[PDB]
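Trainee:
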Amino acid sequence: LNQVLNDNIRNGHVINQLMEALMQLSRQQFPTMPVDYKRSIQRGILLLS
Amino acid sequence: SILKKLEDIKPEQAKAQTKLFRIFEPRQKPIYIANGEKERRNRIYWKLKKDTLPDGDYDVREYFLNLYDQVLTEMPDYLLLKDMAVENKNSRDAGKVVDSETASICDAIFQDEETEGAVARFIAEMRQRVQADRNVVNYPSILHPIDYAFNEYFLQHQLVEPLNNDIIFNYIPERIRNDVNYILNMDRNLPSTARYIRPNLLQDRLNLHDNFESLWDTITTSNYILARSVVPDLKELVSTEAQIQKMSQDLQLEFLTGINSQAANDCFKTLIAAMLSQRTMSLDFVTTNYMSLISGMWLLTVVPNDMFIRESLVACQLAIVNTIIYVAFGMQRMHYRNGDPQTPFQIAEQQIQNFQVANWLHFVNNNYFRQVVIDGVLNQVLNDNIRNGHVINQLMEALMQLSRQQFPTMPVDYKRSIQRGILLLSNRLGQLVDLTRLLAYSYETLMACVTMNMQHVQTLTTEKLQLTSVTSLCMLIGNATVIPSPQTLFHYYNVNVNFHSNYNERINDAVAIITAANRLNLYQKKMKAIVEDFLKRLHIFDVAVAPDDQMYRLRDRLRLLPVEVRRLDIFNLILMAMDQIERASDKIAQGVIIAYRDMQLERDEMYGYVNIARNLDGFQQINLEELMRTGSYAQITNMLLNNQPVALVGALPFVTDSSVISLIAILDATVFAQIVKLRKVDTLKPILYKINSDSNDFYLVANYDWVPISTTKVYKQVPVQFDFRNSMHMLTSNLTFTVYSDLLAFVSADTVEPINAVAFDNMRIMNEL
Amino acid sequence: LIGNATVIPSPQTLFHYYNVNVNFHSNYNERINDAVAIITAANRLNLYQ
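Protein chains in written order, with the entry's author numbering: chain A, 489 to 537; chain B, 103 to 356, 366 to 880; chain C, 587 to 635.
Structure (structure tokens):
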């Protein structure tokens, strides 16, 4: 008996989905948030993307 | 600091090919008859000039990539043919040849007692024919067909172009010649035969304005430094002490800190440079300094919103509104939360009732740049209401309304101080109008001298600028106009075009190398080295900072762009003839064939009795590259153990044995045991049989007249025979032409009279007479 | 900070881990067998203390 991961993550494909979602969040409006905090958040998101 | 780094760029050097790029050279070799004896007359064949190719097909492809890189790096831009000429001593028509080695070959062939007379007479008949009426000359040359094709391709795609005075007259960007305030002059002619090099004027293809903010910010910082270096200084400033005492008298005190000429000059240069290079700036000011607030309000009136960080813009707007605007009409002060998509000025526009102030706020809200494409260069242009400076009046009227309301819910002294500040700013209306018109004209004229696409995207590093300098500039400007010096403008333009050409050239080189590497099925090369070379050669970065991840992302971005035509055709030519170059080498073979059946050997006029298999049909093909890559040995071991035919294709070093003892005593198949025993095929050394009269063991094949029979053959192709009548060619070139670089030094410009300067609308720039 | 360095477990390390795990499993099974045999034999032979 063994516990194994799903095939989709095994070949390294979910990272593309994560990158696309992060890039979608990058150009988002991000309303009702201060300037520097939002800028830092989206630039860190871009860094990880 | 970085000024030297960004100003020490010289145009990319055009190599002058001292000799034709050679891979093949003639070599004299002995021959044998079909029986196997010396002919006592040698023949000359083709051999590689360089024999540094290592074994292993992957290393072969690596060597090919290096060869392509060397060829492209040693590309000839302009190819002279009169310089490379040595007089032949044997041409009875006193001709001249292309290369010194060509002369040596001609002398060798002309003097060899074993050679006939027809070839000698053909050698003696060589002579260059010059036709100067159409500027074309012909030269003789001897090359392998690959070399001749490469030389022809280099010859027929030179980058020169005929030069005339009107061409340089049109080489200047249009938005300089078209204006009247600048006049061009020459002092020398140009011949009809001179040539020059056009730089590259193609826009960005890496999209460095998007999702690459690090290098983009670095480039923006460099260009901002350059612009600060180039923007002209101010002349004829009013005396500081007199202005200070006059303002003090005007204010009736019983503030003014930060008013010096250096501050005004730094503010002017920094503002113009930041506007030019799209480097965003951040502000800073004490909230309890009303005059600073009004000066910043003027600054926001002229410069649009998009060039300011949201933090600084929000702070400045909040201070302005809640210190003057709602204070005027006595309405409840607004609490603008830091982070709403709306701006304080937008809310103020939606709130107040009076006409002029609302109109001015509405103007400052939505005043955005316009993207305009001129002469193939994208640029940012202010609204036409800003260049003629009429909008300033639409400012002042609103400010004038601010002096009429009673200012309820405020003490008298606060109203008095605000009225003093607004009056001091108002009395200098003409100075502000002249300064704004001067700024508009200077920005337009200078910005019309850039040749790279620009985008309005905020970057990471932000410029620091205090408003006290702006107040000093607004209070200290005088009457003398300032026009950028033509010499400085031309120097800036030369530096900018040099930078752009360097960038484009490096881009094309990297694209060509990567395309060739990925088309030659290379997959065991860490590709960060090429990107590091590119970044270093751009001569603005240090590879010690940018990590590898961005290099790989840049590579993936770069793969998409189609490569330039010349390099694509060069790669096509170098790949189409890959097999002939690879096989003709006399250091590596192309595989080993094993059959375990009695087969006869071939007879060639360059090796005598040699064991060679011209084709590989009728056997199972196994790749040595895969054999080493995957480490498997299953199929090959089972095929060899059961003694069945096998064929191997791949690079292998060879050992030459020329003993008939080795021929009779089978030893050409005993070099396969190590494959099973050692289970590694890196050093597989097949034995190459060879029988001839030189080895003093050929009497065996002569006395008993037996046909040699072996069990192995080596995948090697006999080199092609050399014929002098075919390698001869008549290369085509140009007679003589002086290559010109640094062309703009031949044009000089004179400043117009500073008073009579005309900016854009048939009117004088400054008018405070 | 992840670079472009491929790192697979070394074959000798893999065999070391496999041998250690199987040795531990064998010891666990044999000790379980001895304990259950001892208790069962003691219970069948009427050794209640």
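For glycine and all other residues, C-beta sits at the position ideal for the given N, C-alpha and C.
So B:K796 packs on B:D768, CB below 8 Å; how close in whole Å?
Mentor: Mapped onto the second sequence, residue 796 of chain B falls at position 685. Mapped onto the second sequence, residue 768 of chain B falls at position 657. Not confirmed; about 11 Å, so no contact.
Trainee: Please report the distance separating the alpha-carbon of B:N313 from that of B:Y663.
Mentor: Position 211 of the second sequence, counted from the start, is the residue given in the question as residue 313 of chain B. Position 552 of the second sequence, counted from the start, is the residue given in the question as residue 663 of chain B. Going from the Cα of B:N313 to the Cα of B:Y663 covers about 14 Å.
Trainee: Which same chain residues end up closer than 7 Å to B:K647 when comparing Cβ atoms and leaving out the 5 residues on each side of it in sequence?
Mentor: As a first step, residue 647 of chain B is located in the second sequence; it is residue number 536 there, counting from the start. Closer than 7 Å at Cβ, skipping near neighbours: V654.
Trainee: Identify the residues that DSSP records as bridge partners of A:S537: which are they?
Mentor: Within the first sequence, the letter at position 49 stands for residue 537 of chain A. The partner list for A:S537 (beta bridge, DSSP) is empty, contrary to what the question assumes.
Trainee: Kindly list, in the order they appear in chain B, the residues whose Cβ is closer than 8 Å to that of C:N590.
Mentor: Taking the third sequence and counting its residues from 1, one reaches residue 590 of chain C at position 4. Chain B residues near C:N590: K637, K639, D659 and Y663.
Trainee: Can you find a C-beta in chain A that's less than 8 Å from the C-beta of residue 358 of chain B?
Mentor: Examination of chain B shows a numbering gap from 356 to 366; residue 358 of chain B is inside it and therefore has no coordinates.
Trainee: Taking the beta strand (DSSP E) that B:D395 falls in, what are its first and last residues?
Mentor: Position 284 of the second sequence, counted from the start, is the residue given in the question as residue 395 of chain B. Taken as a continuous stretch (DSSP letters only), the beta strand (DSSP E) holding B:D395 covers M392 to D395.
Trainee: Give the range of the beta strand (DSSP E) segment to which B:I820 is assigned.
Mentor: Here residue 820 of chain B refers to the residue found at position 709 of the second sequence. Per DSSP, B:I820 belongs to the beta strand (DSSP E) from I820 to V825.
Trainee: Using a C-beta cutoff of 8 Å, does B:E422 count as contacting chain A?
Mentor: Against the second sequence, residue 422 of chain B aligns to sequence position 311. Yes, B:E422 lies at the interface with chain A (some Cβ there is under 8 Å from its Cβ).
Trainee: CB-CB under 6 Å to B:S859, same chain, minus the five flanking residues each way: which ones, in chain order?
Mentor: Within the second sequence, the letter at position 748 stands for residue 859 of chain B. So the list reads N287, once near-sequence residues are dropped.
Trainee: Is there a Cβ of chain B sitting closer than 8 Å to that of A:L510, yes or no?
Mentor: Walking along the first sequence from the start, residue 510 of chain A turns up at place 22. With 8 Å as the cut-off, A:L510 does not count as an interface residue toward chain B.
Trainee: Going along chain A, which residues have a C-beta under 8 Å from B:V425?
Mentor: Stepping through the second sequence from its first residue, residue 425 of chain B is reached at position 314. Ordered by position in chain A, the residues that pass the 8 Å Cβ test against B:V425 are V523.
Trainee: Would you kindly check if the distance between the Cβ of B:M717 and the Cβ of B:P819 is under 8 Å?
Mentor: Indexing the second sequence from 1 puts residue 819 of chain B at position 708. Indexing the second sequence from 1 puts residue 717 of chain B at position 606. No.
Trainee: May I ask you to report which of helix, strand or coil DSSP gives B:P247?
Mentor: By one-based count along the second sequence, residue 247 of chain B stands at place 145. Of the three classes helix, strand and coil, the one that applies to B:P247 here is helix, per DSSP.
Trainee: Helix, strand or coil for B:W817, going by three-state DSSP, please let me know.
Mentor: For this step, residue 817 of chain B is matched to residue 706 along the second sequence. Of the three classes helix, strand and coil, the one that applies to B:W817 here is coil, per DSSP.
Trainee: Is the number of C-beta pairs between the stretch 509-518 of chain B and the stretch 332-340 of chain B that are closer than 8 Å three or more?
Mentor: No: fewer than three Cβ pairs fall under 8 Å.
Trainee: Give the residues of chain B in contact with A:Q517, contact being defined as C-beta atoms less than 9 Å apart.
Mentor: Here residue 517 of chain A corresponds to residue number 29 of the first sequence, with the count starting at 1. The contacting residues are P452.
Trainee: Helix, strand or coil for B:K117, going by three-state DSSP, please let me know.
Mentor: Numbered from 1 along the second sequence, position 15 holds the residue referred to as residue 117 of chain B. If DSSP states are grouped into helix, strand and coil, B:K117 belongs with coil.
Trainee: Rounded to the nearest angstrom, what separates A:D495 and B:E737 at their Cα positions?
Mentor: Walking along the first sequence from the start, residue 495 of chain A turns up at place 7. Walking along the second sequence from the start, residue 737 of chain B turns up at place 626. Taking the straight line joining both Cα atoms gives about 27 Å.
Trainee: Look up B:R330 in the DSSP assignment and say whether it is helix, strand or coil.
Mentor: Counted from its first residue, the second sequence places residue 330 of chain B at position 228. The answer is helix: DSSP assigns B:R330 an H, G or I state.
Trainee: Would you call the CB atoms of B:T217 and B:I244 closer than 8 Å?
Mentor: Counted from its first residue, the second sequence places residue 217 of chain B at position 115. Counted from its first residue, the second sequence places residue 244 of chain B at position 142. No, the Cβ-Cβ distance between B:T217 and B:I244 is not below 8 Å.
Trainee: Quick one: does A:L536 have its CB under 8 Å from some CB of chain B?
Mentor: As a first step, residue 536 of chain A must be located in the first sequence, where it is residue number 48. By this cut-off, A:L536 is not an interface position.
Trainee: When you compare only the Cα positions, how much space is there between B:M563 and B:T434?
Mentor: In the second sequence, counting from the first residue as 1, residue 563 of chain B sits at position 452. In the second sequence, counting from the first residue as 1, residue 434 of chain B sits at position 323. Rounded to whole angstroms, B:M563 to B:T434 spans 42 Å at the Cα level.
Trainee: For B:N416, return the contacting residues in chain A, with the cut-off set at a CB-CB distance below 9 Å.
Mentor: Start at 1 with the first residue of the second sequence, and residue 416 of chain B comes out as number 305. Within 9 Å Cβ-Cβ: nothing; B:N416 doesn't reach chain A, min ~14 Å.
Trainee: For B:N867, which option in B:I594, B:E616 and B:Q230 has the closest C-alpha, if you only look at C-alpha atoms?
Mentor: Position 756 of the second sequence holds residue 867 of chain B. Per the Cα distances, B:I594.
Trainee: I need the straight-line Cα distance from B:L367 to B:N878, nearest angstrom please.
Mentor: Counted from its first residue, the second sequence places residue 367 of chain B at position 256. Counted from its first residue, the second sequence places residue 878 of chain B at position 767. Answer to the nearest angstrom: the Cα atoms are 27 Å apart.
Trainee: B:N313 versus chain A: which residues are under 9 Å apart at the beta carbon?
Mentor: The count along the second sequence starts at 1 and reaches residue 313 of chain B at position 211. Chain A residues near B:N313: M511, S514, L534 and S537.
Trainee: Taking 8 Å as the threshold (C-beta atoms), are B:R129 and B:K149 in contact?
Mentor: Position 47 of the second sequence, counted from the start, is the residue given in the question as residue 149 of chain B. Position 27 of the second sequence, counted from the start, is the residue given in the question as residue 129 of chain B. The answer is yes: Cβ separation under 8 Å.
Trainee: So, at 8 Å on beta carbons, what are the nonlocal neighbours of B:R708 in its own chain, with the 5 sequence-adjacent residues on each side left out?
Mentor: Position 597 of the second sequence, counted from the start, is the residue given in the question as residue 708 of chain B. Excluding residues within five positions, the ones whose Cβ falls inside 8 Å are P756 and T822.
Trainee: Beta-carbon within less than 7 Å of B:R229's beta-carbon, same chain only, minus the 5 sequence neighbours each way: which residues are those?
Mentor: Residue numbering aside, residue 229 of chain B sits at position 127 when the second sequence is read from its first letter. Excluding positions up to five away in sequence, the list reads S193, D195 and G197.
Trainee: Thinking B:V568 and B:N607 are a contact (beta carbons under 8 Å), I'd like their distance in whole angstroms, please.
Mentor: The residue labelled residue 568 of chain B in the question sits at position 457 within the second sequence. The residue labelled residue 607 of chain B in the question sits at position 496 within the second sequence. 20 Å between Cβ atoms; not a contact.
Trainee: Quick one: grab the DSSP three-state call for B:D157.
Mentor: Locating residue 157 of chain B in the second sequence gives position 55, counting from the first residue. Looking at B:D157 - three-state DSSP - the assignment turns out to be coil, as it is neither helix nor strand.
Trainee: With B:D157 and B:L671 assumed to form a contact (beta carbons below 8 Å), what rounded beta-carbon distance in angstroms separates them?
Mentor: Reading the second sequence from its first residue, position 55 is the one you call residue 157 of chain B. Reading the second sequence from its first residue, position 560 is the one you call residue 671 of chain B. Incorrect: roughly 36 Å between the Cβ atoms, too far for contact.
Trainee: What whole-angstrom Cβ distance do B:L578 and B:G407 have, given they're in contact under 8 Å?
Mentor: Against the second sequence, residue 578 of chain B aligns to sequence position 467. Against the second sequence, residue 407 of chain B aligns to sequence position 296. Confirmed, about 5 Å.
Trainee: Can you have a look at B:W817 and say buried or exposed, based on whether 16 or more other CB atoms are within 10 angstroms of its CB?
Mentor: Position 706 of the second sequence holds residue 817 of chain B. The residue in question, B:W817, is exposed, as its Cβ has fewer than 16 Cβ neighbours within 10 Å.
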